[PDB]
Each structure stands twice: as structure tokens, then as C-alpha cells.
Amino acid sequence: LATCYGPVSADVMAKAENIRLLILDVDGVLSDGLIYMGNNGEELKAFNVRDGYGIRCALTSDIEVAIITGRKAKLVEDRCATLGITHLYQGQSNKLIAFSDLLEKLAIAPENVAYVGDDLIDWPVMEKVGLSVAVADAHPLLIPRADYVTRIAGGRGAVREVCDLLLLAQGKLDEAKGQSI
């Protein structure tokens, strides 16, 4: 029940034991929600190396990592490459289209999927997964709907927390090896 972020329920741990796919949102989850825009059309976004370390640990521990986001940017493709993420969907408002696509591509059951969100747009997908997750500073209306609420804020180590939770539940946390990138 107890973790390094605090105690979690026996139900949350049992759901986490069956997770084979980890779907993430970008803005608000892998970042604090900020979009950096410039005068010459530059777009910047901050990622956390702690979350990078976690994604590497999960991908090398038989847990697939996928991303479905509403925005479309070349930088997100570059971040997926650096971490080895091959399943990526950008410009997706109705995220169930991309969700149905992953279940058909990876032949995976919805109960074996985990989703980490931060806004109300994430819920239609969170409602169908085995382990719905909302970040600490997710929109107040999403927090009570998720199976688990992270202690660490979005883009501060929230994805890492979930990665550590999935690894601990499946008995891989200590054995896990990753790159803090």
C-alpha cells in the first residue's frame, strides 16, 4: 500500500498491476501547462528529465507508452524520439478516435490501459481505462473522477510518479534501469 510518495489504496495497486499501456497527455501532464510563443513563430515547451527517466523505465519493463494530445508541434515528435516513444497522436480533440486506434494496433484490452490527464478533455478516455490518473494541479472538476490523484504537479515529476507506481505494483521498481534524459 505504501509508496515513496505516500500510501495508495489496494484497489489502485491492483489496477496498476495489470497495466500494459500508458497513455499520456502532453500539456499539463508532461509540462506545467505553459506554451512559449515568439515573434518569429517559435514554439517552446519544457519537459522534465525525471519524467523522462520514468518513461524509459516503463518502456524497458514491457509497458508501452503512448501520447494523445490536442496541440500539434514538431517538438513533441523530437521528445518522443529522445525517449523512444513510437505511438504518437497530435491535433486530436476527440481523443477516442486515437484511443480506438491503439487498441486495434496493439491488440490491448481497455482495462489493461492507464491514462494520465489534467483537463476535462481527457475524461472521455479516462472513463474507459483500467487506471485513470489525474495530476495534482489538474482542473478541479477532473480530480474527483480519476482512480488516482498524483502528489506531484504536472511537468514536475507527475509522470514519473505514475511510472514508479506501475513498476512497484508489478514488482519492477528496484530492478528498473533508465536514463535521466
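Under this definition, the rigid core comprises the largest set of C-alpha atoms superposing within 1.5 Å between the forms. Residue indices: 1-based, along the sequence shown.
- Each structure in 5 other deposited structures of this protein is fitted to the shown form on the rigid core, and of 63-71 and 39-47 the C-alphas lie farther away on average for 63-71.
- Ranked against the other modelled residues of its chain, the C-alpha B-factor of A158 as given in the entry falls in the lowest third.
- When the modelled residues of the chain are ordered by their C-alpha B factor, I143 lands in the lowest third.
- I63 sits in the middle third of its chain by CA B factor, as recorded in the PDB entry.
- In the deposited entry, the Cα temperature factor of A134 sits in the bottom third of values across the chain's modelled residues.
- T69 sits in the middle third of its chain by CA B factor, as recorded in the PDB entry.
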